[PDB]
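A quick write-up on the structure given underneath.
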Amino acid sequence: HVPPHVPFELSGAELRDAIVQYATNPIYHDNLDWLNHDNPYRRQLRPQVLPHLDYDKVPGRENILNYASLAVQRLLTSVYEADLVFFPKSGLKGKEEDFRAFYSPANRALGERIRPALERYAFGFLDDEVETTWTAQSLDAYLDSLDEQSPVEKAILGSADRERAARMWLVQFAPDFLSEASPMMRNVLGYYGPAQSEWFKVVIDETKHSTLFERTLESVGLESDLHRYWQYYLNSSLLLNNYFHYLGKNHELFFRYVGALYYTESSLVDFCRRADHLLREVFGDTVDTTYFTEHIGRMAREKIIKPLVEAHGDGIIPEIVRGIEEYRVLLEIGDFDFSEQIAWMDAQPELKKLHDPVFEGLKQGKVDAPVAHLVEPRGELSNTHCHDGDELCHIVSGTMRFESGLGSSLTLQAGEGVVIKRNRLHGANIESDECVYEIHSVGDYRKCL
Amino acid sequence: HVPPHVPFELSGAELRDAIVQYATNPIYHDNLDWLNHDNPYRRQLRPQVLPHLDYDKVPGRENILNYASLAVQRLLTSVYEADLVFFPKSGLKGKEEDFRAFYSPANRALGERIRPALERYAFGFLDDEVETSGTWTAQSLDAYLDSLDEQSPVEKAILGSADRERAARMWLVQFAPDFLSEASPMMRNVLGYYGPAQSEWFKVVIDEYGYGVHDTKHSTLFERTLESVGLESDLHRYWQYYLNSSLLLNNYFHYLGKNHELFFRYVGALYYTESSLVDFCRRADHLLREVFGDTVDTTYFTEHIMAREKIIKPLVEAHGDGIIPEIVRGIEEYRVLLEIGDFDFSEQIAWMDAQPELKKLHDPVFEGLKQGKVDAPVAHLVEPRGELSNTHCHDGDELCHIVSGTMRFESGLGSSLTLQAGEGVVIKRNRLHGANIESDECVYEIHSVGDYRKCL
Ligand SMILES: [Fe+3]
Ligand SMILES: [Fe+3]
Ligand SMILES: [Fe+3]
């Protein structure tokens, strides 16, 4: 007789151990530099922190830019990308061991085992952000209803360094645009109706777009090897990219992808126009925007949505709508996260100065702040991360390079420091022989003023 | 600091339990019928047997058609196909629960966890079947590839059959998973970001996917081939009639496509398939016309009527001579699998055709057991109407003897015997077969004779 089915279950300490097991593959160890040097097999997952996170407590939207969420997004990107083919720009010779470490039976199996729990952690909040009886007519009404300055335009054009802000923006798209259509290709494997051929026609349109975005990056002094700028990828940028791998890998979510595809096709011309205009205003004639201008909706409605609704019934419509609404939530989070990061980068001189009154407030006992006393040698590079409350970094002796973003750095000497804002991506390196410094966990730095 | 890395490890009883855990998803239970009825989420893995197999003892080529290998091939096909999109021909309505059972976080994770061990079981034998030289260069690769370019074993088996049309239909269904999802394993190698070779690989896939035109799409052409000889094109109607070796051949390309450390093996296999394609399609068209006449639609094959220069050469130049043994290994591994296919298929057709004679061979074999020529273990079975034993094989020969009632003994597609009281059949080792009980009750015996010829 058939043995009983034990349901798949992985939680608590066993899940923590499984996540740590995946992430302690040596290719995921902290980088000694800020950049990956043409090695697409190395991704920084900061495995030393992973034993101390609670993967069972799924965060709501309000806590979705906390560190545990960033850590999970980084994990998921690596798990998903084991299905993608990468070779170094300079060729595979010399990088065979890393190649084999990333593409191994073990690395795939370890990542795939934790993937369900990681996806609940990453995407669970969307259950409460979105709510979806539908018919073809009411779907047509909802779609029709989907049709000024954008938050990204405002953040870049209003920046203290527009070129830096635009470069920080462009690198966010490196995983997506350089592997363009990869998540979409996941939906074209198999055997289904004429919708499969129509989905494949879209994939065919992409002279290859990846190569055009190489030129965009290179025209403003950025490189196009994955993932050079790993440590500068925002939480929300990974979240947006990972969403499409999530939909593409998990075919129970196929109809959500149908919806998201409609929305992306329907938004594509406006996005590309705005991107072209924004980049020209910032960089002038130096920037290559062919990638965006070459891309310049109804076809997805008629050729994909309609036949699927006819073949599979009205029951798929709430899934189609959910895909659109979930994606829109993620775009909002992206707008916020990116805007916050650019403001944080631009305000570094002021936040260096804010150290003094904040430090003085701690002395006067306005906040009772836990403090960590650290002593670190030269080249101890703390890979980028964030904290869930505000912190005060105070240098006692030596010299620290405090990294707040791409092209955004402060040198901090004895007696100096910086206010570190919650959820903002940052790291540090020690530039002197030894650096003695303090981290005060102030929660809200404004309470120290 | 970084905790120590515990290496991924799954073996022994823990591996057995993990395999059973995957395969006890209800969508993998025995079918009550011979055919799946337009439900692409149901695949018969015979989970009741899985606790009793030894997954740690990797078989060599000589034992690669044993039951444990068939069972593992069936598992792997299901694991790989969780990445492929299927909907029923008749639409999804009514099949939503099965859809969600196949495409679930749990079903994927359970299958992916056992996939490394399954792949060692399935493909480990190839380590001893292919040699790995350490002196490859571009010139010696060109010499080898040049040295690759009569009646085939498949042609002989079909044309020499007692029922040619039946043999050709059995042949055609072997390609259903491959041709109906055509280019799916190849698409796995086009995801990501690599050189100009990626675009060239994609240019091959575009031909196989009919440039996004459905009627011109190859899958649709093979639908017509199947339907023109009275077969259906819903996956996987004929699951129970898929040979071990046919699953092995299909799974090999999912193996190479999913595991990008094997990317250069796929480069090699792709070269071999492209260089053999015209000859295969000509022979297939000619063979099918000879068997079926004008009734058969062969457009799929005639439509199919450069990898060296556009894919192999740039990769060798970019990544160096170290990739060449992998390219060669892919070609040689694939050729070994084609040989196994030729053998397995030929053996199955001969087994199907010889059923009347094997029914008669029951008598002298049964008499030899009475005279004690072989000391054979025997299993006494009593089963009710409709107890359908899903297709499988055994590692030694068996004698099935019916004491009372009526059994439909299934040896292949369109190949059946009715066995009554006092009758029976010699069941040849490694040959795919099943049974159903056609009377209210059937009392029968299975004698494990090892080699039936020793009873004569
Ligand atoms: Fe594009
Ligand atoms: Fe920090
Ligand atoms: Fe049997």
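Scope of the values below: all heavy atoms of this structure, side chains included, with no hydrogens, waters or symmetry mates. Just so it is clear: chains get the letters A, B, ... in the order the sequence lines come, proteins before strands, and each one is counted from 1. All ligand and atom numbering here is 1-based and tracks the order in the structure.
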Are the aromatic ring centres of B:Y444 and B:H401 under 6.0 angstrom apart?
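No, the ring centres sit 6.0 Å or more apart.
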
With ring centroids as reference points, do A:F177 and A:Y291 lie under 6.0 angstrom apart?
yes

Tell me which N, O or S atom from B:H394 is the closest to the Fe ion (ligand 3).
NE2

So B:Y67 and B:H392, would you call those rings parallel, tilted or perpendicular, with 30° and 60° as cut-offs?
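Judged by the thresholds at 30° and 60°, the geometry between B:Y67 and B:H392 is perpendicular.
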
For the residue pair B:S415 and B:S411, confirm or rule out a side-chain donor-acceptor distance under 3.5 Å.
yes

Presence of N, O or S from A:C393 under 2.8 Å of the Fe ion (ligand 2)
no

State plainly whether the residues A:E403 and A:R401 are in salt-bridge range, i.e. N to O under 4.0 Å.
yes

The atom name of the N, O or S atom in A:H209 nearest to the Fe ion (ligand 1) is ND1

Atom of A:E206 nearest the Fe ion (ligand 1) (restricted to N/O/S, atom name only):
OE1

Taking the Fe ion (ligand 3) as the vertex, what is the angle from NE2 of B:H392 to NE2 of B:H433, given to 10 degrees?
100°

